[PDB]
Amino acid sequence: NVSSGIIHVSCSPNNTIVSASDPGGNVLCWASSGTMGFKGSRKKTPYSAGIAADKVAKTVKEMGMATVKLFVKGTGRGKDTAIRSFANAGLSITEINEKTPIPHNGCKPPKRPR
RNA sequence: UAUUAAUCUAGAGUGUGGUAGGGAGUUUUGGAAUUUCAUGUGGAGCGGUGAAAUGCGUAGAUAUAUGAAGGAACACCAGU
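Reading the first sequence from the start, the letters are residues 2 to 115 in my numbering.
So, in structure tokens, the structure goes:
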């Protein structure tokens, strides 16, 4: 029910999530690799993120979606496939930005696995 | 060489001017991020690994935006 908006995607090293939102901060709909049939370790693939982004773009099309900001989050090899999905979808993407939860050198993270 | 009577300034220190440096201690401030809580948005998976599984999830998690709290450590300056 809104033309302008923002859709967020967070490509974790183990999974990915995409979520379309209005500029007021509320969510409209979200999608993830788990929403599709295949599960387990095979869900951390760029193809899975691509189909998730395809589905979220589809389900926001009926909403009447228009020019939209893009905040990409997380690290992984599947985030760019969502970019291809959205660009090829014909949507009115207008701005790209980086919103990884990057911290300054503060709290101590987990260790080296070894 | 040792002892002693002395003398001098290059040895070594003090002064003068200029001069750099994350040198140290004490006393204050800040912001990112995590976590918890609260507020809305939402409905099934999330997390996880070589692959899985304990574990978490409609009693609304993850996510998204805002606010509060507390604690810890100070990317980018950073280097033949």
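Built from N, CA and C at the ideal position, the CB exists for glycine as well.
Span of the alpha helix (DSSP H), counted from its first residue to its last, around residue i
i: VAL57; result: 47-62
i: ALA88; result: 80-89
8 Å Cβ cutoff met for residue i and residue j
i: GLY51; j: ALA88; result: no
i: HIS9; j: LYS74; result: yes
i: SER34; j: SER20; result: no
Cα-Cα separation between residue i and residue j, rounded to whole angstroms
i: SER4; j: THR68; result: 7 Å
i: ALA54; j: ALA32; result: 8 Å
i: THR46; j: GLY25; result: 32 Å
i: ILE97; j: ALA58; result: 16 Å
i: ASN2; j: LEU92; result: 16 Å
i: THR101; j: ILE7; result: 16 Å
i: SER86; j: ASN27; result: 23 Å
i: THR95; j: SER22; result: 15 Å
i: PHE72; j: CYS12; result: 11 Å
i: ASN106; j: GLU63; result: 43 Å
i: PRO114; j: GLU99; result: 28 Å
i: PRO110; j: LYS44; result: 25 Å
i: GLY65; j: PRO14; result: 32 Å
i: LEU29; j: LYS70; result: 14 Å
i: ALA90; j: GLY79; result: 17 Å
i: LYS40; j: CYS108; result: 32 Å
i: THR60; j: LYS112; result: 40 Å
Limits of the unbroken beta strand (DSSP E) element including residue i
i: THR36; result: Taken as a continuous stretch (DSSP letters only), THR36 belongs to no beta strand (DSSP E), as it is neither H nor E.
i: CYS12; result: 6-12
i: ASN98; result: 94-99
i: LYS74; result: 69-74
i: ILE103; result: First-last for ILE103: undefined, no H or E at that position.
i: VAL19; result: 17-22
Cβ distance (whole Å) where residue i is taken to contact residue j below 8 Å
i: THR36; j: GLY77; result: Going by Cβ atoms, the distance from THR36 to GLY77 rounds to 18 Å, so no, they are not a contact pair.
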